[PDB]
Amino acid sequence: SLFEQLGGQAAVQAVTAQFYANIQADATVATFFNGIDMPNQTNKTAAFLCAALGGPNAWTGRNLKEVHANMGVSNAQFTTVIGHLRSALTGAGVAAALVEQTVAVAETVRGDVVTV
Ligand code: HEM
């Protein structure tokens, strides 16, 4: 699985932490996370990604389309966020092909997150 190729549950956690640090460092998207519990964000997104990447635990959290309804996220903002995931994975030493396979899994939620 892609979850295994990445190094496991701790590897996905670390990437997810860097992904959110990157998002918060970018003014075009950081505003969305004002007042949000970031350790919880990291934990829930890492769990979501572990499941999506073929890990052993199915996602039992909230429905992402309902979660992101009327948040006002555009495709350019989603694409920027995918860039933050790409840089987090690359920075973690993930090989290019695997970076791209992982990014591909995170695109499938574009329809649930983007609303405008
Ligand atoms: C521009 C892109 C995105 C924005 C602005 C965004 C924003 C947010 C915010 C503000 C929350 C917290 C909502 C609340 O407090 O009720 C949230 C929750 C969440 N987001 Fe996103 N998000 C984005 C992309 C993603 C992506 C790419 C994923 C998965 C790969 C994702 C997965 C989640 C999950 C799993 C939760 C928590 C669900 C739960 O509570 O069970 N988000 N998002």
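The first residue of the sequence shown is numbered 1, and numbering continues consecutively from there. All ligand and atom numbering here is 1-based and tracks the order in the structure. Values below: every heavy atom of this structure, side chains too, minus hydrogens, waters and symmetry copies.
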Next on the checklist: Is it the case that the side chains of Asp26 and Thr80 hold a donor-acceptor pair, with the cut-off being a distance below 3.5 Å and no angle test?
Outcome noted: no

Item to check | Any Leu89 side-chain heavy atom under 4.5 Å of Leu98 side chain | outcome: no

Checklist entry - What is the distance from atom NZ of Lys44 to atom CG of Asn40, rounded to the nearest 0.5 Å? => result 4.0 Å

Item to check | Point-to-point distance, once rounded to the nearest 0.5 Å, from OG1 of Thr90 to CD of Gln18 | outcome: 11.0 Å

Identify all pairs of nitrogen or oxygen atoms, one from ligand 1 and one from the protein, separated by less than 3.5 Å, and list them with distances.
{"unit_1": "ligand 1", "atom_1": "20 (N)", "unit_2": "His68", "atom_2": "NE2", "d": "3.1"}
{"unit_1": "ligand 1", "atom_1": "22 (N)", "unit_2": "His68", "atom_2": "NE2", "d": "3.0"}
{"unit_1": "ligand 1", "atom_1": "40 (O)", "unit_2": "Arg62", "atom_2": "NH1", "d": "2.8"}
{"unit_1": "ligand 1", "atom_1": "41 (O)", "unit_2": "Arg62", "atom_2": "N", "d": "3.0"}
{"unit_1": "ligand 1", "atom_1": "42 (N)", "unit_2": "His68", "atom_2": "NE2", "d": "3.1"}
{"unit_1": "ligand 1", "atom_1": "43 (N)", "unit_2": "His68", "atom_2": "NE2", "d": "3.0"}

Item to check | side-chain hydrogen bond (donor to acceptor under 3.5 Å, both in side chains) contacts touching residues 2-16 (sequence neighbours left out) | outcome: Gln13-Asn43

Item to check | Transitive ILVMFWY side-chain link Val116 to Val109, under 4.5 Å | outcome: no

